[PDB]
Amino acid sequence: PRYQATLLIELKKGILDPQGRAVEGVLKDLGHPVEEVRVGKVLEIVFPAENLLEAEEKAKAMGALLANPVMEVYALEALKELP
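By the naming in the PDB entry, the protein chain goes by PurS and is assigned to Thermus thermophilus. This entry's official PDB title is "Crystal Structure of Thermus thermophilus PurS, one of the subunits of Formylglycinamide Ribonucleotide Amidotransferase in the purine biosynthetic pathway". Comment text from UniProt for the protein chain, heading Subcellular location (unreviewed entry), reads "Cytoplasm". Of the protein chain, the UniProt comment under Sequence similarities (unreviewed entry) reads exactly: "Belongs to the PurS family."

Here it is, written out as structure tokens:
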């Protein structure tokens, strides 16, 4: 079946997040103060697979490929079969 993996590639703890800092700063100047903003990338990937288990496997593999070992971590936020 066709599946869609929602992969998040985010910065590990400690990694400087200029974009995030910037966003926090702005949100506050806009009357929406927040404690923290972490900016990452989200990738919606559609691909075929034998079953849901193999899909997760493949999804994870692509996440591991897209994530910078030192700077980031990936996360399979969601995985679902498509019509």
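After presenting the structure, the write-up continues.
Q: How would you explain the pattern of salt bridges if you had to name every residue and give the values?
A: Across all of its chains, the model carries three salt bridges by this definition. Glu24 is paired through a salt bridge with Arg21; the nearest N and O atoms lie 2.9 Å apart. Here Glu24 and its partner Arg21 are both found in helix α1 (residues 18-29), three residues apart, which amounts to about one turn of the helix. The partner of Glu72 in a salt bridge is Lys41, and the shortest N-O contact between them spans 3.2 Å. Of this pair, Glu72 sits in strand β3 (residues 72-81) while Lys41 is found in strand β2 (residues 41-48), placing the two residues 31 residues apart along the sequence.

Q: Before we move on, can you summarise α1 with the specific residues and values?
A: Note: α-helices contain 3.6 residues per turn, so residues at a spacing of three or four share the same orientation. For α1, which comprises twelve residues, the first-to-last C-alpha distance of 17 Å matches the rise-based estimate of 16 Å (1.5 Å per residue) to within 8%. Just past α1, the residue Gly31 takes up positive phi, approximately 80°.

Q: How would you explain the nonpolar core if you had to name every residue and give the values?
A: Membership of the largest hydrophobic core is limited to eight residues, which are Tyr3, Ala5, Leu7, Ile45, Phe47, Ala49, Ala55 and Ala59. Taken together, the elements giving at least two residues each to this core come down to β1 (2-11), β2 and α2 (52-66). If sequence neighbours within four positions are ignored, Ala55 has contacts with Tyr3, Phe47, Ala49 and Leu79.

Here is what the cut-offs are and how they apply
Within each chain the first residue of the written sequence is number 1 and the count goes on from 1 in that order, possibly differing from the entry; residues lacking coordinates are omitted. Calculated side-chain values reflect all of the structure's heavy atoms, with hydrogen atoms and water omitted. UniProt positions are given in the numbering used here, feature names are shortened, and annotations may be inferred rather than shown by experiment. For this analysis, a salt bridge means a side-chain nitrogen from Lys or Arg found within 4 Å of a carboxyl oxygen belonging to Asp or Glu. By the criteria applied, helices consist of DSSP H or I runs no shorter than four residues and strands consist of E runs no shorter than two, each listed in order from the N terminus. Expected helix span is computed as 1.5 Å times (number of residues minus one). Nonpolar cores are built from buried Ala, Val, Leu, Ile, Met, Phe, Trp, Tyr and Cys residues. Side-chain atoms within 4.5 Å join them into one set. Three exposure classes are used, based on accessible area relative to the maximum for each residue type with a 1.4 Å probe and protein chains only: buried under 20%, partly exposed in between, and exposed over 50%. Here, two residues are considered to be in contact whenever any of their heavy atoms come within 4.5 Å of each other.

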